[PDB]
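Residue numbers (the authors' numbering), protein chains in the order written: chain y, 48 to 118; chain q, 194 to 354; chain m, 2 to 178; chain E, 57 to 103; chain A, 231 to 280; chain L, 104 to 195.
No residue lacks a Cβ here, since even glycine has one placed at the ideal position from N, Cα and C.
Take a look at the structure below.
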Amino acid sequence: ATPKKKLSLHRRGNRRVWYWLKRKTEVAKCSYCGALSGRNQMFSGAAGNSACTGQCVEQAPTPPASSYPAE
Amino acid sequence: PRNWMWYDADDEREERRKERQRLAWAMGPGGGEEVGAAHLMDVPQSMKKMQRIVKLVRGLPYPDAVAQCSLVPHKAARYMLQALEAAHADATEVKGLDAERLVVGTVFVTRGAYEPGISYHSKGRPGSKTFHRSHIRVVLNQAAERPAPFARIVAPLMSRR
Amino acid sequence: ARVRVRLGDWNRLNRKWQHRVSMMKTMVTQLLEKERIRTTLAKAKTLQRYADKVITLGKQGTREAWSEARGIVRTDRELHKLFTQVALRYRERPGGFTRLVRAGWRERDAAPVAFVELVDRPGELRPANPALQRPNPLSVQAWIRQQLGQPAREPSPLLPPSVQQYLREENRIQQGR
Amino acid sequence: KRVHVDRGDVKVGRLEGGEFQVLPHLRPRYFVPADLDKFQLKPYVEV
Amino acid sequence: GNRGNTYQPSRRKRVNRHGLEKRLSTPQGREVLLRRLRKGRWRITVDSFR
Amino acid sequence: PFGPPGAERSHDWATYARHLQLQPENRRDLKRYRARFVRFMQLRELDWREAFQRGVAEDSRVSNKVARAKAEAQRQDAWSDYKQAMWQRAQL
RNA sequence: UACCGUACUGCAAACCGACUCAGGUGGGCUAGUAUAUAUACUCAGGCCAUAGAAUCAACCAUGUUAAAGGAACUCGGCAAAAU
RNA sequence: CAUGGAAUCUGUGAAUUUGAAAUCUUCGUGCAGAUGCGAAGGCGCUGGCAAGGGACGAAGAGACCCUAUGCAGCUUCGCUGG
RNA sequence: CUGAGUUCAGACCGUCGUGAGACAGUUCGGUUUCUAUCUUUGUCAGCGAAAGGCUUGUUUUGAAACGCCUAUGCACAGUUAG
RNA sequence: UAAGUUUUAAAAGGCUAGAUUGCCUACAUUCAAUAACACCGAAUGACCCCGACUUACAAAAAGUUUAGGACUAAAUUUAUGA
Ligand SMILES: [Mg+2]
Ligand SMILES: [Mg+2]
Ligand SMILES: [Mg+2]
Ligand SMILES: [Mg+2]
Ligand SMILES: [Mg+2]
Ligand SMILES: [Mg+2]
Ligand SMILES: [Mg+2]
Ligand SMILES: [Mg+2]
Ligand SMILES: [Mg+2]
Ligand SMILES: [Mg+2]
Ligand SMILES: [Mg+2]
Ligand SMILES: [Mg+2]
Ligand SMILES: [Mg+2]
Ligand SMILES: [Mg+2]
Ligand SMILES: [Mg+2]
Ligand SMILES: [Mg+2]
Ligand SMILES: [Zn+2]
């Protein structure tokens, strides 16, 4: 329950292999604003993106709907 | 090459120290050709916590190094982004190096000055809650060719019909 | 220690069950008051299942459904909205009244974050699909739905012309009693 | 602020039945001069 | 019974034990004060102030 | 505040002298009696505050209880207009 | 009709314990069901800041339930259950 | 089965210990129970999560015995003292 | 893991003793610390790159892919080791 | 899950390495943060997941269904008889 000797620099490096992080092999890049994120995640202005210019979504027309606004 | 001198001795000592390390950076490890670099001092993170992120950007090109820093939730990745952005700013606007060919050819973490504290173990024994610091040295070389981007760029969720 | 994910059941969300049901009732009330809320993935998935249950209960429109929703749904300003605007909006939709879009991680604890919103509304982020898809009577699906016992299930207006000949009658008004 | 220390005041009376009585001869009197207006000596001497 | 809290603060007892007047009341207290002076202590007693 | 408008301009030592005069056996411990009277004065100042808080809370309860029913009446009378509008346009 | 106290805290992150310490710290006031200052829910009032986020590890702590038996367990029905 | 640790991630962030280590098994030998010597054999390398047989694990230069020009307190028909 | 008995500190009974005390004589009561460094062991995982020459079997505008032996990878895997 | 239900021969049975043989349009992202659901699964020529409807002759795990998420395409179907 106690180290009997002092760990060497080589043994410490070998033991610390679990602590290292793996590199990610894919990234989703917005061509305008240069943002970077995963392909399954929104990274536009609604999420955190202060560089968003809205050019990330290139078409959004939806004028017609009809309903009862409850007031 | 600075025929002038400062007025106070402190400024003169600092300027001579700066020129000595600019000598040591040239004709040493690398040096030679024109290099954009940055030194981010006193990052409020441990050396192991920074070394967790620094092993990801070692040897990568600049855009996928920014990608590797921007794809993790770690606190150290924001400081690594700050250092890489400072090095990129020096390389592109202070120097005249071409972008999209910069490779992160040298990045390492050195020790900072610690702030010693105290932790209160049981049975009256003292402890520690030392606040660790570290420094970042980033050197961006310019390659002879634009390199392989190492991470495939895919379209986001926004780019959808 | 009971298996909830991997054996289709409700999430535990790090909470006791009475706290868990109360938090879901608060979130479904918030989801229909402001139609898009942002939260962690586990609460987002649990909210999506609970929203389908609550919206169908509002779609029944019965007195027992109102009584059950009166305890489930807190605001009362939005109990009216669930039984009137939401019920008329999704009157013909066979489930799936909510979509989930992941939005990265939050700063305080690096937890995954999802956007959860009601579909088919002005201000949604993806075009909806029609709940019904009128069939071609000259295709294979219609003949399979004639030989087998399936209804027509066509898209309809809120009041079709099949009630027009009853409501036009001046002897079927009763004067309003 | 801890032990009720008495400051450097001059006492003007004494308690007889718990009601303090200020003795009128111990009330403060200031012998100010007749006029300090258009008096020909100022606090400053010219250099 | 947890120990360590023997110091129960009280201004009356502090001044009545280690104050100037109990030090001056006895001869050996006066040599205690005299060797406090000979050492050079800035605070002579626990109740000194100005 | 929290006490009546007649609470100022009224010396409370009339109470002290009154209950010291008509009960001649309160003169045994006069200092204890005065301590009890001063304690009564602070306690009465607290009871005024408590009565004010309870009165304001009981007013606010029925005010919100009325306003909620007014809001539901407005919502139902807004829904009925829409429903009759739909059936009327089905008529036309 | 002077002089001193009057901020803030005071079962506590502000006092005594090296600590933002699960410990120790005196007196007083109080509404309903209701009936005792006990017990369950609640009034006035206060609080949900000092690690967060999901999930089915083993194992540990604390509990609920358990067929047929029932101290056969164990140094000792200790511990639980039971009245 | 329930609650809370433990296990995963993010953030804060100790200590006991430490001659240097790149520390295999068995048998023999040996300051007399060997990771380090001899003979034979085995072993891609490094870890996480677990169990603790070994490292005569760690934690006290006093558990017990003996010794001191050793101390200390106590006892008495030990000795001497007003 | 226990501490039931073999080390104490409290007390009683009996034996011996002038007494402080002794009893391996009977009794009642009397702190079991440790988060695993590496040696084993269970189990779950990561690392251990290649392309070699084709004089390319062919083509002109020894570089480019094509066709070969096996090199990795993957699958079934000795009448095949342990 | 056992207190329940099956099976426990000569050699049977398991684990690790593997001569060979065969094949190759294989950079490894998403469907929920602990795939152990799922690699003997799926990603729109998709019922993989989720929701909706029905079932007391399942006191509820199957059947229909692309409503929602695994994005995606046109000059003969916004698309499988999923
Ligand atoms: Mg558990
Ligand atoms: Mg409860
Ligand atoms: Mg006590
Ligand atoms: Mg002390
Ligand atoms: Mg307390
Ligand atoms: Mg302490
Ligand atoms: Mg405390
Ligand atoms: Mg309560
Ligand atoms: Mg909290
Ligand atoms: Mg029974
Ligand atoms: Mg837990
Ligand atoms: Mg040996
Ligand atoms: Mg292992
Ligand atoms: Mg371990
Ligand atoms: Mg001797
Ligand atoms: Mg869809
Ligand atoms: Zn953008």
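Could you tell me whether the Cβ atoms of residue i and residue j are closer together than 8 Å?
i	j	result
residue 117 of chain y	residue 82 of chain m	yes
residue 14 of chain m	residue 89 of chain m	no
residue 348 of chain q	residue 75 of chain y	yes
residue 112 of chain m	residue 39 of chain m	no
residue 133 of chain m	residue 93 of chain m	yes
residue 276 of chain A	residue 242 of chain A	no
residue 115 of chain y	residue 85 of chain m	yes
residue 260 of chain A	residue 253 of chain A	yes
residue 69 of chain m	residue 99 of chain m	no
residue 254 of chain q	residue 309 of chain q	no
residue 261 of chain q	residue 70 of chain y	yes
residue 297 of chain q	residue 333 of chain q	yes
residue 302 of chain q	residue 250 of chain q	no
residue 248 of chain q	residue 67 of chain y	yes
residue 171 of chain L	residue 105 of chain L	no
residue 291 of chain q	residue 335 of chain q	yes
residue 234 of chain q	residue 103 of chain y	no
residue 156 of chain m	residue 109 of chain y	no
Can you grab the Cα-Cα spacing for the pair residue i / residue j, in whole Å?
i	j	result
residue 25 of chain m	residue 161 of chain m	37 Å
residue 59 of chain y	residue 49 of chain y	16 Å
residue 136 of chain m	residue 147 of chain m	12 Å
residue 327 of chain q	residue 238 of chain q	6 Å
residue 113 of chain y	residue 268 of chain q	47 Å
residue 126 of chain m	residue 42 of chain m	18 Å
residue 44 of chain m	residue 56 of chain m	17 Å
residue 54 of chain y	residue 32 of chain m	55 Å
residue 73 of chain y	residue 337 of chain q	25 Å
residue 92 of chain y	residue 98 of chain y	8 Å
residue 122 of chain L	residue 131 of chain L	13 Å
residue 11 of chain m	residue 52 of chain m	13 Å
residue 252 of chain q	residue 95 of chain y	29 Å
residue 66 of chain m	residue 58 of chain m	6 Å
residue 265 of chain q	residue 259 of chain q	11 Å
residue 129 of chain L	residue 80 of chain E	37 Å
Which term fits residue i, buried or exposed, when burial requires 16 or more other beta carbons within 10 angstroms of its beta carbon?
i	result
residue 4 of chain m	exposed
residue 73 of chain m	buried
residue 257 of chain q	buried
residue 284 of chain q	buried
residue 144 of chain L	exposed
residue 281 of chain q	buried
residue 87 of chain m	buried
Can we count residue i as close to ligand 4, meaning its CB is less than 7 Å from some heavy atom?
i	result
residue 158 of chain L	no
residue 136 of chain L	no
residue 234 of chain A	yes
Cβ of residue i versus every heavy atom of ligand 1: is any distance shorter than 7 Å?
i	result
residue 2 of chain m	yes
Does the beta carbon of residue i fall short of 7 Å from some heavy atom of ligand 17?
i	result
residue 313 of chain q	no
residue 88 of chain m	no
Compute the minimum distance between the beta carbon of residue i and the heavy atoms of ligand 6, and state whether it is under 7 Å.
i	result
residue 223 of chain q	no
Does the beta-carbon of residue i, which I'm using as the reference point, lie nearer than 7 Å to any heavy atom of ligand 2?
i	result
residue 19 of chain m	yes
Environment of ligand 17 in chain order, Cβ to heavy atom below 7 Å: My final list is y/77, y/79, y/80, y/82, y/91, y/96, y/98, y/99, y/100, y/102, y/103.
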